[PDB]
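[1] would you be able to build a 3D model of this:
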Amino acid sequence: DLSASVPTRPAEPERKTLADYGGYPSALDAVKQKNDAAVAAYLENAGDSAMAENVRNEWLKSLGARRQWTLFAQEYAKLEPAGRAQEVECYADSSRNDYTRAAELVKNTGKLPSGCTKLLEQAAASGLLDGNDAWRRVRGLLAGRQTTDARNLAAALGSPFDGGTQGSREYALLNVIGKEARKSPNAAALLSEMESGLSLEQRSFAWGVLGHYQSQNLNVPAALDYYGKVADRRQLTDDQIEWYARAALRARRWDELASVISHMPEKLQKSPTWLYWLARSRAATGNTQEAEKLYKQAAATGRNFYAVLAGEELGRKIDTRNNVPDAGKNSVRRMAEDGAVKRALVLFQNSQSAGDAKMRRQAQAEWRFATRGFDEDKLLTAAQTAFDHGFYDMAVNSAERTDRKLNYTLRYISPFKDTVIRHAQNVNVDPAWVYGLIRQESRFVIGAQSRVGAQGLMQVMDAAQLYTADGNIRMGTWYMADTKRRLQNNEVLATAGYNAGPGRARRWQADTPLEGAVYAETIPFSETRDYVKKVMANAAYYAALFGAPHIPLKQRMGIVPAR
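    Numbering: from 1, shown residues only. Okay, here it is:
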């Protein structure tokens, strides 16, 4: 059952909501201009909104950088803890000389916000960083071309890049681990020579860089050779070790894959991906009981790609029956009366009738803010509220945030159904697949617009039709079908091709057939890799809702042909 409880935060007039949005972009500009007066002014009589919270966060990032600690302390105190930006959090801790966050932040080997980067430097100088993690971050930054951040961190650790000790040596290793040097045919040879004057840690990292590059280029034998020389796998960045795993996966080396996963950070080990592939590994080596236990863990992570695959290895097929009742109409009407939710519905209403894309995005921001910390019943109530106002993406996003209470008709909405079904049938493609793609591409926002310039529901006679929902869907489905036809009629390749181009999709094929999930998990582009898994997962959910003949997701993924 569902609770009818809804929040009752103070509601402002529509005119105030709109008046305050009127000044929102200027407030952000003032932050950028360092006009503290303007900002303070915007905030002093602002609603308790995402608008105020965003301005306050960006302001605090600015204030922290400029070392205006008095004003910082004052405004930081006005933020909701759940609403603080990571970097603002780092600035605040550094101002209190509290380096508690450093133990976890230092495990990140990539670019961090400036406040977070400086917190690690200060912690380093205070002898508060674990030496192993600290130097691993220095290498990661070096290998990721963040040379300045690597410099400063090495300096802060007491061994700068021109000091004759470790720092100078780590810097020196760029002849091997540089972004361009790693691609050299003699990178391996060069490392092999100087290996003698290298620490265990340095050697492991360097071989990881070489194997990572080969692996992400889908040169599997070479990758596994280089990775094979890594003595301490825990020295690897998260991307390096995942690509080690990906190489072992693609080569079907189950014993090595299991071994590699066992050396991952615990948080990586516990992701749906490596829960599943470790279970497959166990299953493939005869350790059934251990496999079954891991499939159970994986299935429990939610509605995602690997959770479904793991469910199928347990004989459990997807079931889209709701395990909760519909939200009651009275609840839904009352949820809309809440001040935070109303402010979101107001900005979203007015962005439609004013055609303001930016106002719509702030309405999304207000929705996230309004529903932050909602229990599952309120989430499900707010999801129907969004749906009723045509705020389709927030309907989906609210509904999918529950863990135990499942409304599949709100998680997998299907507006425009007579239009989508028709266009899909006209070019001979699965409607479930089409809905699956739309849900991922645009979250059913008819006006949706990518940075790359992709347009409409499908993020793609007269050409202008592209911008109407009928024309967009017509073109998207045609291109889905055409791309599929160009890629040996395979739906996994088509999905990758839709996102990255059919040239790339074909380039990622092996010279032997690949299991679909294996092709998908080893896609070199992280955005495309994630896209394919979500689209195909979505599709399996839509097929169930549509009452189509049951097709396991593992079967949907099928076999990707050799090229």
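[2] residue 473 versus residue 422, what's the distance?
    9 Å (Cβ to Cβ, to the nearest Å). From N, CA and C alone the C-beta is placed, and that goes for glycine too.
[3] the more surrounded of these two?
    Taking other Cβ atoms under 10 Å, residue 422 and residue 473 do not tie; residue 473 has more neighbours (24 against 14).
[4] what sits against that one?
    Applying Cβ atoms under 8 Å, 6 or more residues apart in numbering to residue 473 gives the contacts 416, 419, 420, 423, 457, 458.
[5] any idea which element the last one lies in?
    I take that to be residue 458. Assigned by DSSP states H and E, residue 458 falls within no helix or strand.
[6] and it, what does it touch?
    Applying Cβ under 8 Å, 6+ apart, we find residue 458 in contact with 437, 438, 441, 442, 472, 473, 475, 476, 477, 479.
[7] just residue 242 next, same as before
    Neighbouring residues of residue 242 by Cβ under 8 Å, 6+ apart: 264, 268.
[8] then the one helix or strand it maps to to CSV, C-alphas only?
    Here residue 242, judged by DSSP H and E, is contained in helix 238-250. What follows is helix 238-250, C-alpha atoms only, in CSV (Å, rounded to 0.1, in the frame of the first residue of the first chain):
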residue,chain,number,x,y,z
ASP,A,238,40.1,2.1,-11.7
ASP,A,239,39.9,2.5,-15.5
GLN,A,240,43.1,0.5,-16.0
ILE,A,241,41.9,-2.4,-13.9
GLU,A,242,38.5,-2.5,-15.4
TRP,A,243,40.1,-2.6,-18.9
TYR,A,244,42.3,-5.5,-17.6
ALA,A,245,39.1,-7.2,-16.7
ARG,A,246,37.5,-6.3,-20.1
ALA,A,247,40.5,-7.8,-21.9
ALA,A,248,40.2,-11.0,-19.9
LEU,A,249,36.4,-11.0,-20.6
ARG,A,250,36.8,-10.6,-24.3
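[9] how close does residue 522 get to residue 229?
    In this structure, residue 522 and residue 229 are 21 Å apart, going by Cβ to Cβ.
[10] and these two? which has more neighbours close in?
    Neighbour count, other Cβ under 10 Å: between residue 522 and residue 229, residue 522 has more, with 21 against 17.
[11] the more buried one touches residue 509, doesn't it?
    No - at 10.7 Å, residue 522 does not count as touching residue 509 under the criterion of Cβ atoms under 8 Å.
[12] sorry, back to before: how about the helix holding residue 242: buried residues?
    Across helix 238-250, burial judged by 16 or more other Cβ atoms under 10 Å covers 238-250.
[13] check stretch 353-363 too.
    359, 360, 362, 363.
[14] for the stretch 451-563 of the chain, what spans make up the strands?
    Ranges of strands in the stretch 451-563 of the chain, per DSSP state E, counting those that start in this stretch, are 514-515, 559-560.
[15] next, format those as JSON lines and append mean neighbour count and distance to residue 388.
    Putting those into JSON lines (neighbours: other Cβ atoms under 10 Å; distance: least, Cβ to Cβ, whole Å) gives the following:
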{"stretch": "strand 514-515", "mean neighbour count": "19", "distance to residue 388": "42"}
{"stretch": "strand 559-560", "mean neighbour count": "20", "distance to residue 388": "42"}
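[16] would TSV of those with distance to residue 125 be doable?
    Converted to TSV, the strands of the stretch 451-563 of the chain look like this (distance: least, Cβ to Cβ, whole Å):
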stretch	distance to residue 125
strand 514-515	49
strand 559-560	51
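[17] I'd like to know how many residues surround residue 555.
    Per other Cβ under 10 Å, the neighbour tally for residue 555 reads 12.
[18] what's the longest helix seen in the chain packed up against?
    Ordering each helix of the chain by length in residues (DSSP state H) puts helix 526-545 first. Contacts defined by 3 or more Cβ pairs under 8 Å, 6 or more residues apart in numbering; DSSP states H and E place helix 526-545 against helix 305-313, helix 408-411, helix 431-441, helix 491-500, helix 516-521, helix 553-557.
[19] any residues touching that helix, and which ones?
    303-306, 308, 318-320, 408-409, 411-412, 414, 430-433, 435-437, 439-440, 491-492, 495-496, 499-500, 504, 516, 520-523, 550-553, 556-557.
[20] quick one: contacts of stretch 550-561?
    305, 308-309, 312, 317-318, 488, 490-493, 509-510, 513-520, 536-537, 539-540, 543-544.
[21] can you do 7 Å?
    The contact list for stretch 550-561, computed with Cβ atoms under 7 Å, 6 or more residues apart in numbering, reads 308-309, 312, 317, 488, 490, 492-493, 509, 513-517, 519-520, 536-537, 539-540, 543.
[22] how about residues contacting stretch 318-329?
    Under the contact criterion Cβ under 7 Å, 6+ apart, stretch 318-329 has outside partners 1-2, 4, 308, 380-381, 384, 405-409, 540-541, 544-545.
[23] run the last query once more with 8 Å
    If you take Cβ under 8 Å, 6+ apart as the criterion, stretch 318-329 is touched by 1-2, 4, 308, 311, 380-381, 383-385, 405-409, 412, 540-541, 544-545, 553.
[24] for it, measure first residue to last.
    Start-to-end span of stretch 318-329 (Cα to Cα, to the nearest Å) is 29 Å.
[25] what of stretch 226-241?
    First-to-last residue span, stretch 226-241, Cα to Cα: 12 Å.
[26] what's near enough to touch residue 378?
    Applying Cβ under 8 Å, 6+ apart to residue 378 gives the contacts 3, 5, 6, 7, 335, 371.
[27] surely the last one meets residue 380?
    Meaning residue 371. No - under the criterion of Cβ under 8 Å, residue 371 makes no contact with residue 380, lying 10.7 Å away.
[28] overlap in contacts of the two?
    In contact with both residue 371 and residue 380: residue 398, using Cβ under 8 Å, 6+ apart.
[29] straight-line length of stretch 361-377, end to end?
    Using Cα to Cα, the two ends of stretch 361-377 sit 25 Å apart.
[30] how near is the nearest residue to residue 128 once chain neighbours are set aside to residue 106?
    Leaving out its chain neighbours, the residue that sits closest to residue 128 by Cβ to Cβ, 6 or more residues apart in numbering is residue 99, at 4.9 Å. Taking Cβ to Cβ as the measure, residue 99 falls 10 Å from residue 106.
[31] neighbour count winner among those two?
    Of the pair residue 99 and residue 106, residue 106 is the one with more neighbours under other Cβ under 10 Å, namely 24 against 20.
[32] give me the distance between the more buried one and residue 163.
    Separation of residue 106 from residue 163 (Cβ to Cβ) stands at 21 Å.
[33] now residue 500
    Going from residue 500 to residue 163 by Cβ to Cβ gives 44 Å.
[34] then residue 67?
    From residue 67 over to residue 163 (counting by Cβ to Cβ), the distance is 28 Å.
[35] which of these two has more neighbours?
    residue 163 (14 against 9).
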